[PDB]
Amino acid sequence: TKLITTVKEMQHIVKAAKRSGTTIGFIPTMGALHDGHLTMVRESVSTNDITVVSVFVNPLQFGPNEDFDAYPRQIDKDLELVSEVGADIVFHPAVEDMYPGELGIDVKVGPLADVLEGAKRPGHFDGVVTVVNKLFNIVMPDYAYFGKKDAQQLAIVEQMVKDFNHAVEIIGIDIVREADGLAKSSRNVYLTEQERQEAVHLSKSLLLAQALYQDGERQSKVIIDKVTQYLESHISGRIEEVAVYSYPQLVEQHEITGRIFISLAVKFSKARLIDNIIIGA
């Protein structure tokens, strides 16, 4: 399983793939890989002739007082993990190769980034679309795999593909969880023993929101209050968001109709975790 560390060689490999009719699946990551990423890699290896995983800690999607320096890095272990699952290439470019000085053209997300995590993390999704756009032009995949844990990111990337006419098909994969329900995340390693036990209540609060909805609740305020109160009595973390928005349109709902997602953001000591559930037709 090949570690490719320059844009030029990645391009060369891709061009040769196209010429031979080799289909390409692509899983963009920031490394520190876990079973959530491997689930995407597994699906790609089933569907496509070659599978490329990028590991690139993208500085543009980290803001002030976030965790860019602390972000776990373990490229050898990452390469081993995806090798075991049948991946062909790990694409791991230098920051300077991806960003050789200042960008002359700027890519910015509109209304989809004015709410939720786009409001909580100013410029974050601008950073994501910037790097994903570049990676799609480098790897030229037939399919690109993303996780529904970052539901807002998924909707934004799908819009970008539409807006830019990228030939790539986006596949969103269901949230992969620990046995106790905790959503898999490279940032889970930042959790202390006790926070890890508390963090399971994010997922439990979403099952609570789902039951409330199942039993006929449609007032977002009631769901949000019941979820918030539940989290408050079970976790030491700061509850940054509990929200009910249409999906994938991302417009705040007051009285619930249509397809929605109920989303959470919680700040523990160092770990900032998110989770969601998508409900309705």
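We number the residues from 1 along the sequence you see.
Enquirer: Looking only at CA atoms, which has the higher mean B factor in the entry: 203 to 211 or 156 to 164?
Expert: Per the PDB entry, the higher value belongs to 203 to 211.
Enquirer: If you take the mean CA temperature factor per stretch, which one wins between 49 to 57 and 213 to 221?
Expert: For C-alpha atoms only, the mean B-factor is higher in 213 to 221.
Enquirer: Taking the values straight from the PDB record, which of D126, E193, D150, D174 has the highest C-alpha temperature factor?
Expert: So the option with the highest C-alpha B-factor is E193.
Enquirer: By the recorded C-alpha temperature factor, relative to the other modelled residues in its chain, which third is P72 in?
Expert: Tercile = highest for this residue's CA B-factor.
Enquirer: Looking at the entry's B-factor column for C-alpha atoms only, identify whether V115 ranks in the lowest, middle or highest third of its chain.
Expert: Middle third by C-alpha B-factor.
Enquirer: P64: which third of its chain by C-alpha temperature factor?
Expert: CA B-factor rank for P64: highest third.
Enquirer: Going by the CA temperature factor in the PDB record, which third of the chain does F26 belong to: lowest, middle or highest?
Expert: According to the entry, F26 has a C-alpha B-factor in the chain's lowest third.
Enquirer: Pull the Cα B-factor of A17 out of the PDB entry and bin it into the chain's lowest, middle or highest third.
Expert: Its C-alpha B-factor belongs to the highest third of this chain's values.
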